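Visitor: Pasting run-v3.txt here (compact mmCIF, C-alpha atoms and all ligand atoms):
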```
# COMPACT_ATOMS: atom_id res chain seq x y z
CA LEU O 110 29.91 6.59 -30.79
CA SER O 111 29.79 5.66 -27.19
CA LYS O 112 32.94 4.09 -25.85
CA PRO O 113 32.89 1.37 -23.16
CA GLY O 114 30.98 3.05 -20.35
CA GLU O 115 30.74 6.56 -21.85
CA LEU O 116 26.94 6.62 -21.55
CA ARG O 117 27.46 4.67 -18.31
CA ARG O 118 29.72 7.38 -16.92
CA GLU O 119 27.37 10.22 -17.88
CA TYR O 120 24.57 8.34 -16.12
CA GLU O 121 26.67 7.95 -12.96
CA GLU O 122 27.69 11.60 -13.04
CA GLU O 123 24.09 12.67 -13.48
CA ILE O 124 22.90 10.43 -10.62
CA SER O 125 25.63 12.00 -8.46
CA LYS O 126 24.27 15.49 -9.12
CA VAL O 127 20.75 14.41 -8.17
CA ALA O 128 22.11 12.95 -4.93
CA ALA O 129 24.07 16.15 -4.20
CA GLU O 130 20.89 18.21 -4.61
CA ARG O 131 19.05 15.96 -2.17
CA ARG O 132 21.84 16.37 0.38
CA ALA O 133 21.80 20.14 -0.12
CA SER O 134 18.02 20.16 0.33
CA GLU O 135 18.29 18.00 3.44
CA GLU O 136 20.96 20.27 4.94
CA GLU O 137 18.54 23.23 4.91
CA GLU O 138 15.91 21.00 6.53
CA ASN O 139 18.28 19.70 9.21
CA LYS O 140 19.67 23.13 10.07
CA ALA O 141 16.16 24.44 10.64
CA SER O 142 15.49 21.53 12.99
CA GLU O 143 18.79 21.95 14.85
CA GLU O 144 18.26 25.68 15.37
CA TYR O 145 14.68 24.99 16.41
CA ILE O 146 15.88 22.53 19.06
CA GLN O 147 18.54 24.94 20.31
CA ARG O 148 15.88 27.59 20.89
CA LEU O 149 13.39 25.16 22.44
CA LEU O 150 15.90 23.82 24.97
CA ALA O 151 17.17 27.30 25.81
CA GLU O 152 13.61 28.46 26.46
CA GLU O 153 12.95 25.44 28.68
CA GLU O 154 16.20 26.05 30.57
CA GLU O 155 15.26 29.69 31.19
CA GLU O 156 11.78 28.69 32.40
CA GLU O 157 13.14 26.22 34.94
CA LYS O 158 15.60 28.82 36.23
CA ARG O 159 12.71 31.25 36.66
CA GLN O 160 10.71 28.64 38.57
CA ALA O 161 13.68 27.75 40.79
CA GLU O 162 14.31 31.44 41.45
CA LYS O 163 10.66 31.89 42.43
CA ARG O 164 11.00 28.97 44.85
CA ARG O 165 14.18 30.44 46.32
CA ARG O 166 12.63 33.83 47.08
CA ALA O 167 9.56 32.22 48.63
CA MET O 168 11.73 30.18 51.00
CA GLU O 169 13.83 33.23 51.88
CA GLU O 170 10.73 35.28 52.70
CA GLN O 171 9.28 32.42 54.76
CA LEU O 172 12.55 32.48 56.75
CA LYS O 173 12.25 36.20 57.49
CA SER O 174 8.59 35.77 58.45
CA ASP O 175 9.45 32.85 60.73
CA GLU O 176 12.05 34.98 62.52
CA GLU O 177 9.51 37.80 62.94
CA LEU O 178 7.10 35.37 64.60
CA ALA O 179 9.94 33.83 66.63
CA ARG O 180 10.96 37.19 68.12
CA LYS O 181 7.38 38.08 69.08
CA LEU O 182 7.30 34.61 70.66
CA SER O 183 10.58 34.75 72.58
CA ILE O 184 9.73 38.13 74.10
CA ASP O 185 6.39 36.67 75.20
CA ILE O 186 7.77 33.47 76.78
CA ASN O 187 10.77 34.94 78.63
CA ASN O 188 9.14 38.11 80.01
CA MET I 1 20.09 -6.27 -37.44
CA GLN I 2 21.82 -3.16 -36.07
CA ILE I 3 19.86 -0.24 -34.65
CA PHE I 4 21.12 2.95 -33.04
CA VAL I 5 20.14 4.49 -29.70
CA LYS I 6 20.74 8.20 -28.97
CA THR I 7 20.41 10.40 -25.84
CA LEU I 8 19.59 14.08 -25.46
CA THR I 9 23.31 14.82 -24.92
CA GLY I 10 24.29 13.61 -28.40
CA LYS I 11 25.62 10.12 -27.61
CA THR I 12 24.88 7.10 -29.83
CA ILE I 13 25.24 3.35 -29.18
CA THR I 14 24.79 0.36 -31.48
CA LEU I 15 22.68 -2.67 -30.56
CA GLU I 16 22.31 -6.05 -32.26
CA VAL I 17 18.61 -6.91 -32.41
CA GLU I 18 15.92 -8.92 -34.15
CA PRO I 19 12.58 -7.42 -35.26
CA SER I 20 10.80 -9.87 -32.95
CA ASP I 21 12.69 -8.52 -29.92
CA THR I 22 10.40 -6.73 -27.51
CA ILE I 23 11.15 -3.28 -26.14
CA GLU I 24 11.72 -4.87 -22.71
CA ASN I 25 14.35 -7.03 -24.42
CA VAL I 26 15.98 -3.95 -25.97
CA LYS I 27 16.08 -2.14 -22.61
CA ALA I 28 17.73 -5.20 -21.06
CA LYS I 29 20.38 -5.13 -23.79
CA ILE I 30 21.04 -1.47 -22.98
CA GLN I 31 21.37 -2.37 -19.29
CA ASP I 32 23.93 -5.10 -20.00
CA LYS I 33 25.91 -2.61 -22.11
CA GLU I 34 25.65 0.72 -20.26
CA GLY I 35 24.48 -0.30 -16.77
CA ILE I 36 21.30 1.80 -16.94
CA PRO I 37 18.32 0.09 -15.24
CA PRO I 38 15.44 -0.64 -17.63
CA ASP I 39 12.96 1.13 -15.37
CA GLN I 40 15.12 4.26 -15.76
CA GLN I 41 14.93 4.10 -19.59
CA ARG I 42 12.39 5.63 -21.95
CA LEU I 43 12.68 4.88 -25.66
CA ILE I 44 11.16 6.97 -28.43
CA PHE I 45 10.63 6.29 -32.13
CA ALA I 46 8.31 7.96 -34.65
CA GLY I 47 6.75 10.39 -32.19
CA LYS I 48 5.72 7.85 -29.56
CA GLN I 49 7.10 6.19 -26.44
CA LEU I 50 7.73 2.51 -27.02
CA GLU I 51 5.90 0.08 -24.72
CA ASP I 52 7.74 -2.85 -23.15
CA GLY I 53 5.43 -5.59 -24.46
CA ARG I 54 5.52 -4.56 -28.11
CA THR I 55 8.21 -5.64 -30.57
CA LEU I 56 10.51 -3.60 -32.78
CA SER I 57 8.52 -4.75 -35.81
CA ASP I 58 5.35 -3.47 -34.11
CA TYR I 59 6.82 0.04 -34.40
CA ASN I 60 8.37 -0.45 -37.90
CA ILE I 61 11.91 -0.16 -36.57
CA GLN I 62 14.25 -1.53 -39.22
CA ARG I 63 17.96 -1.75 -40.06
CA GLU I 64 19.86 1.36 -38.93
CA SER I 65 16.77 2.97 -37.42
CA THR I 66 17.57 5.45 -34.64
CA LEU I 67 15.75 5.34 -31.31
CA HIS I 68 15.95 8.18 -28.78
CA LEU I 69 16.78 7.28 -25.16
CA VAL I 70 15.54 9.48 -22.30
CA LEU I 71 16.91 8.68 -18.84
CA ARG I 72 14.94 8.89 -15.61
CA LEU I 73 17.40 10.15 -13.03
CA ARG I 74 16.75 9.17 -9.44
CA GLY I 75 18.09 10.16 -6.17
CA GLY I 76 15.09 9.37 -4.02
CA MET U 1 10.61 3.91 2.70
CA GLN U 2 13.50 4.48 5.12
CA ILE U 3 13.85 7.60 7.29
CA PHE U 4 16.26 8.57 10.05
CA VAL U 5 15.58 9.72 13.61
CA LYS U 6 18.33 11.60 15.42
CA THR U 7 18.50 11.77 19.21
CA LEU U 8 20.09 14.46 21.37
CA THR U 9 22.89 12.03 22.20
CA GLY U 10 23.68 12.11 18.47
CA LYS U 11 22.87 8.54 17.55
CA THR U 12 20.72 7.87 14.50
CA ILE U 13 18.13 5.12 14.24
CA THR U 14 16.56 3.98 10.99
CA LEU U 15 12.83 3.40 10.55
CA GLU U 16 10.84 1.66 7.83
CA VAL U 17 7.70 3.69 7.14
CA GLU U 18 5.17 4.55 4.45
CA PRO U 19 4.02 8.02 3.34
CA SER U 20 0.61 7.21 4.86
CA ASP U 21 1.96 6.61 8.38
CA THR U 22 0.89 9.14 10.99
CA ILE U 23 3.33 10.82 13.34
CA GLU U 24 1.67 8.67 15.99
CA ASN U 25 2.65 5.53 14.08
CA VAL U 26 6.23 6.83 13.93
CA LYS U 27 6.34 7.40 17.69
CA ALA U 28 5.14 3.81 18.10
CA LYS U 29 7.99 2.60 15.88
CA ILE U 30 10.46 4.65 17.91
CA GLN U 31 9.00 3.05 21.04
CA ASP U 32 9.70 -0.38 19.59
CA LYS U 33 13.39 0.37 19.09
CA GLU U 34 14.26 2.72 21.96
CA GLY U 35 11.70 1.93 24.66
CA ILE U 36 10.70 5.60 24.91
CA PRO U 37 6.92 5.89 25.47
CA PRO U 38 5.31 7.94 22.68
CA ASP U 39 3.84 10.50 25.08
CA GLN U 40 7.38 11.58 26.04
CA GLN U 41 8.41 12.02 22.37
CA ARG U 42 8.51 15.28 20.44
CA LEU U 43 9.40 14.92 16.75
CA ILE U 44 10.88 17.73 14.66
CA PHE U 45 11.34 17.89 10.89
CA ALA U 46 12.53 20.92 8.89
CA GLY U 47 12.46 23.10 11.99
CA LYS U 48 8.91 22.35 13.11
CA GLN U 49 7.34 20.02 15.64
CA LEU U 50 5.15 17.34 14.07
CA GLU U 51 1.54 16.66 15.10
CA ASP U 52 0.30 13.19 16.02
CA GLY U 53 -2.73 13.03 13.71
CA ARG U 54 -1.01 14.20 10.53
CA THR U 55 0.82 11.92 8.10
CA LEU U 56 4.40 11.86 6.84
CA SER U 57 3.29 12.93 3.36
CA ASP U 58 1.47 15.85 5.01
CA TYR U 59 4.93 17.13 6.02
CA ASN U 60 6.70 16.23 2.75
CA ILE U 61 8.76 13.73 4.70
CA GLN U 62 10.26 11.35 2.17
CA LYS U 63 12.86 8.64 2.14
CA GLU U 64 16.18 9.51 3.86
CA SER U 65 14.56 12.54 5.50
CA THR U 66 15.79 13.07 9.08
CA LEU U 67 13.46 13.58 12.01
CA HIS U 68 14.83 14.87 15.30
CA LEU U 69 13.72 13.37 18.62
CA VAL U 70 13.58 15.63 21.67
CA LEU U 71 12.15 14.27 24.90
CA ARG U 72 9.54 16.26 26.85
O1 LIG C 201 8.55 20.92 3.78
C1 LIG C 201 9.93 20.85 3.40
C2 LIG C 201 10.16 21.63 2.11
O2 LIG C 201 11.37 22.39 2.23
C3 LIG C 201 12.35 21.90 1.32
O3 LIG C 201 13.18 20.94 1.99
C4 LIG C 201 11.59 21.18 0.22
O4 LIG C 201 11.29 22.10 -0.84
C5 LIG C 201 10.32 20.71 0.91
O5 LIG C 201 10.47 19.36 1.34
MG MG C 202 21.19 -8.21 -17.62
MG MG C 203 5.10 -1.30 20.16
```
Can you present the structure in this file as structure tokens?
Guide:
Amino acid sequence: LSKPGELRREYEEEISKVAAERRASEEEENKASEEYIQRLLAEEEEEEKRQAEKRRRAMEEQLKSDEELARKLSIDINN
Amino acid sequence: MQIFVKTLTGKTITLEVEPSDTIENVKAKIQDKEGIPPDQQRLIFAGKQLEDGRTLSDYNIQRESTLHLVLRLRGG
Amino acid sequence: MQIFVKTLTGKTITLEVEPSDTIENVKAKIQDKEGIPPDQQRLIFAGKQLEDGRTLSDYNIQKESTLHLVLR
């Protein structure tokens, strides 16, 4: 008894629901990826800070050691 | 000749056909009327799916016979 | 089959692929549009990093799926 477009409009409404389910399914996929990336970049930022901190303490200890040698030197060359 | 086409939600349409019309022809008539793509349509009569290359007379579809229409629904 | 690749800058590029394409094919297609060498590309889908030898259908990647590009 289908009026102009009545079957047509059920078809369009039913296609819309299939599309909405795909978008819902994709949202779960894309939120897993976006939280994965957040963690990955945070872990790589922490690693580089740890490396840079290791470099800083090595340079600071070299400085102290250089001064230790320098004092033993200056006492030897001036008396 | 008038035949009727019915979906699983209870809706019925009327089509003007000739027994020598193929099923592909019928599905094109349904497209022109309801905007459903032929490759999304499945038609059923007398316990079988109707193949595109066969005619209505091949399946003994006559005046005021009722076909069932099943829609393939595609987001993909 | 069309899929999307999202960069950290937020832009989206579109790729034409087939289910049989490997992740390595996809990195080559990203190279062709962005100029990024494949060996600097990490690809992520559904929260996991994709392996070069496996195929898109191996990961259930289908049309209008979104892959995420993160550079090494
Ligand atoms: O591998 C991804 C799976 O997770 C959901 O999105 C779907 O059921 C599958 O595609
Ligand atoms: Mg037409
Ligand atoms: Mg190339």
Visitor: Residues within 12 Å of ligand LIG 201 (chain C), counting all atoms listed in the file: report them as a PyMOL selection string.
Guide: (chain O and resi 130-142) or (chain U and resi 44-50+56-67)
Visitor: Provide the CA of residue 44 in chain I to CA of residue 121 in chain O distance in Å, to one decimal place.
Guide: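 So the two atoms, CA of residue 44 in chain I and CA of residue 121 in chain O, lie 21.9 Å apart.
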Visitor: Within 12 Å of chain O, which residues belong to chain I? Use all atoms listed in the file and report them as a PyMOL selection string.
Guide: chain I and resi 4-15+30-37+40-41+69-76
Visitor: What's the separation between CA of residue 12 in chain U and CA of residue 150 in chain O, in Å to one decimal place?
Guide: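 According to the coordinates, CA of residue 12 in chain U and CA of residue 150 in chain O are separated by 19.7 Å.
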Visitor: In Å, with one decimal, what is the gap from CA of residue 185 in chain O to CA of residue 168 in chain O?
Guide: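 That distance, rounded to one decimal, is 25.6 Å.
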Visitor: For a cut-off of 10 Å around (18.8, 7.7, 14.9), file coordinates, pick out all residues using only C-alpha atoms and list them as JSON, numbers by chain.
Guide: {"U": [3, 4, 5, 6, 7, 8, 9, 10, 11, 12, 13, 14, 15, 30, 34, 66, 67, 68, 69]}
Visitor: What does the list of residues within 7 Å of ligand MG 203 (chain C) look like if you count all atoms listed in the file, written as a PDB file with C-alpha atoms, in the coordinates of the input?
Guide:
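Just written: part-v2.pdb:
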```pdb
ATOM      1  CA  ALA U  28       5.140   3.810  18.100  1.00  0.00           C
ATOM      2  CA  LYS U  29       7.990   2.600  15.880  1.00  0.00           C
ATOM      3  CA  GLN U  31       9.000   3.050  21.040  1.00  0.00           C
ATOM      4  CA  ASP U  32       9.700  -0.380  19.590  1.00  0.00           C
TER       5      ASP U  32
END
```
